[PDB]
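Subsequent text provides structure tokens for two forms of one protein chain, presented individually as structure 1 and structure 2.
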Structure 1
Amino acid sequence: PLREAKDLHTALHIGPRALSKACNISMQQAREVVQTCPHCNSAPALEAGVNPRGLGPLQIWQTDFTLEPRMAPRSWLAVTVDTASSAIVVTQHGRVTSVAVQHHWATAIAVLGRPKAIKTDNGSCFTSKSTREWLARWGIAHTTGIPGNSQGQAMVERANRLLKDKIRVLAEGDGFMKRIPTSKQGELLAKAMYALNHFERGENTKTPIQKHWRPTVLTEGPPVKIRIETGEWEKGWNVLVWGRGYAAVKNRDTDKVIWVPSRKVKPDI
């Protein structure tokens, strides 16, 4: 008896359970009468492709500015992270001006080496003409995320939060509740740099600095099961890197490196 069910849904927009219970119907007819209505399902499919990352050290870098009140009158800090090894370099400046951005990078360059790409948000001075021409003079790329989401650079922002936490811990563990004397700024920054880079973070067994200088990369990954966009799991690719958050998988013939959500991959056989 599905004619009254169709009328009931059309004039009333009833859920499948109640329609089944109220017209002596079962699973199927209740379903294919509830999905006929275009109004019974509008949103519930929101794509989420979440994957910024580099492969080897000195390949992809990120950068953002931070306002740290304890660092007055030089509160502004420039933070740079190498996505491959998660090393951090921060330099202190008084203004967000381009010249400060110029100063920060080469100091980081002298410590980590020369990268190839530096992702950053479209800051007022990152895209400045002088910055662009100087960067081209050095000769490495420059890519900007979408203009407005401070979220595609999630790694530098997360390292920013970590650095602010560490510097707060150091500052108020020494007896400076509200800010820092000018005589303590530099050694606080240096100690913060030494703590994160040269020591483990969380549970990984590999120090970031020796990750950067002594990295390991697989030349050929193990077979895995891959949620190709085709709907289900396809068999026949190999994962290169599988981070806790997200992973990269490689084709067996096309030789494509793709950053894919980690839920889209599972081990083969």
Structure 2
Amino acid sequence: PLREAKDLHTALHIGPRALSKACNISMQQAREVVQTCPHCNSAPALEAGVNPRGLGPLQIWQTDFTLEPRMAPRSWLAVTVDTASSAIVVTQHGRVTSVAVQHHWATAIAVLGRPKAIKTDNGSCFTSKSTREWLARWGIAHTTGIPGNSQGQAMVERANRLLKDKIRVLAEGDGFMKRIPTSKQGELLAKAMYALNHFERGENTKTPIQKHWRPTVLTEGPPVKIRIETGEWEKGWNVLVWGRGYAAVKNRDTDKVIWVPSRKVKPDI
């Protein structure tokens, strides 16, 4: 019966099927009666998101710093990535100060073209005064991420692991278990850069040295259904790119291209 169950729960909170048992109560009634004690239940939460990217190259550069223990005299490595055609460039330094960053942003521009956004974290070196005037002199935009958050710069964070693994396996090739001699601490990063740039990565089709010079840009996409807040999938959108876990959909009549998770997309017809 629908009696004594309320006080049984509010005194000895237990499972729904157990409460239904010994009281001949249906599963639905048990559920609706247990979903009243705010101390119990109310589990689900949390959502997700993606990092905006750039369709064309030279738009969304990212940069960061690291520390290599076996780089004895000056570890303090700096790395930059393109986030459109995945190419990387590294630089060596001995002390993290806001002259090293300015020096580092002088070989990257020489090697690649000229970017338009250098979004990074909010470390003390970047958010200085001498750096803002230097940046404004060239004329590049600048933005930062949420303080404390680490997943914003996911691309460079992931590339760091690959860089470290490659450098380690190359170091222990001729035999060097400790800090590399300073004489040979030179023409060793060049080999790593060459290997990581002018060759295929994983199982992809083209090197990110031609994927940068001659990229591919589409002009229209097949009809596609996209999930909305409600269960309904809206149609009338056009996809632009579709990777492992992201999509770059665009409206048919307003041109408001936005990036969404790759789960909320299905083909049409």
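Just so we're on the same page, residue numbers count up from 1 along structure 1's sequence. We call the rigid core the largest set of C-alpha positions that still match within 1.5 Å between the two forms.
- Core superposition between the two structures leaves every listed residue (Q59, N204, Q28, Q210) with a C-alpha shift below 2 angstroms except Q28.
- When the larger rigid part is held fixed by C-alpha fitting, the smaller one turns through 6 degrees between the two structures.
- Note on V260: its Cα is shifted 0.5 Å between the two structures, core used for superposition.
- Once the rigid core is matched between the two structures, the CA atom of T182 is found 1.2 Å away.
- The two forms line up on their rigid core, and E232 then has its Cα shifted by 3.0 Å between the two structures.
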